[PDB]
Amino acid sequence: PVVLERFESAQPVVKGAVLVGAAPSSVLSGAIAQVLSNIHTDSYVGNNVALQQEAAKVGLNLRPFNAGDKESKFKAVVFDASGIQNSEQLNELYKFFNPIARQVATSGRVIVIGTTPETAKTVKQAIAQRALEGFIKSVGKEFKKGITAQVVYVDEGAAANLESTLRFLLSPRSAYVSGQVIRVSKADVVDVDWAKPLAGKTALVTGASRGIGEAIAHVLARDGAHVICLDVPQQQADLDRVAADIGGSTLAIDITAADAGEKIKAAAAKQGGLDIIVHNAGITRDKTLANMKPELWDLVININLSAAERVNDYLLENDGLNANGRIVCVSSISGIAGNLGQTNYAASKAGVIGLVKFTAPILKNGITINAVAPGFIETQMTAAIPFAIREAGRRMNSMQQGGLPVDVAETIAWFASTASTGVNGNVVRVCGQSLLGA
């Protein structure tokens, strides 16, 4: 299988050329062109006068790309499908993507940017914009070479809130995110140091002493945040090690305890209050329902779902998250798809999806909530999984390989970004486009 390109340094965002296209009458092309100008990449365009004019109006020099050239490779191909007004115009997807379908580089990106169907002004456009997800999921399974494929839906009028999502998907940070739908909504545009998009912020990560939580802590700290590493007192040694490695601090408590939210707020006060909380703490107690003990049902629901509800409730009602704050939860593919032996775990992780979906409308003060839903992630404890599930999870995705802890951490860090003001209520799988789903 392919070695996936992953994050090296803040610049360049994209190594290689980017080809941009757009359907007639699109409305997102200026916004796309601005991001491309912002990240200083070699950007090419085909014979599209309106698109060339939209890019010139924001200062992007688009080199024309010779439709007769079947040899040039592009690291990313980006298509503004917002102009597709009905199902007949879905052939704008073919017109752009068929000529370059062999010319996307290894570890490359296919990115389609459309209008959120629920916000489209006509039913015919909503239908066509909905169709885009079918297209990109098929592209994600067909192009190989470690290429990812995404659809970004931009709510009608939210073109200004797209930059942080476009940057994440264009970059190697998104190496294990493929086949997914991301929704961008209207929000304030905030200033941000794109090289340190968590600069000046304080984050708290539960389950931080090891594993994916430790990787989350590293990436948040890399992006500028002071990271409060949270785990049970029994892990104090690993907690100190992680906090020292990243220049953070520790809070050694049981996240499920009644006073967890209060102790989190208290500890964050010393750093100017809490900006980001990542609910990564979580366990599996895999048993068939017929063999499962009651306490093992309760335990899994408690740690994976109810404890996060209690902490969120406390912080949101008692001034425990700063303005433009961030809640990031961790669901799972099994929350979406179910799994034998996981009636308790899948119930909890589906609850997490509901926690995100029904909390996001009621949030105030620019706070957002989102979740990652990892597929098969390689950990130092992965060899403890029975071999059958283990090798299936490793292979049954478009990347033909397991993901890495850093792939989940990067996606969480994109949610946490100071610039991701208009990313709210999303659940984004980090699964290399696993075949599993709903």
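The first residue of the shown sequence is 1; numbering continues from there.
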Exercise for review: Return whichever of 189-197 and 353-361 has the greater mean Cα B factor according to the PDB record.
Suggested key: 189-197
Exercise for review: Look up the CA B-factors in the entry and say which stretch, 326-334 or 70-78, has the higher mean.
Suggested key: 70-78
Review point. Which of these, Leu404, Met396, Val45, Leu28, has its C-alpha atom at the highest B-factor, as the entry lists it?
Key: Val45
Check your understanding: Among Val35, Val408, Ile369, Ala388, where is the Cα temperature factor highest, going by the PDB entry?
Key -> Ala388
Check your understanding: Would the CA B-factor of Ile276 place it in the lowest, middle or highest third of its chain?
Key -> middle
**Study point:** Third of chain Cα B-factors occupied by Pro117
**Key:** middle
Exercise for review: Sorting the chain's modelled residues by C-alpha B-factor, tell me whether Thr421 ends up in the lowest, middle or highest third.
Suggested key: middle
Practice item. Please rank the C-alpha B-factors of the chain's modelled residues and tell me whether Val428 sits in the lowest, middle or highest third. Key: lowest
Review point. So where's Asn312 on the chain's Cα temperature factor ranking, which third?
Key: middle
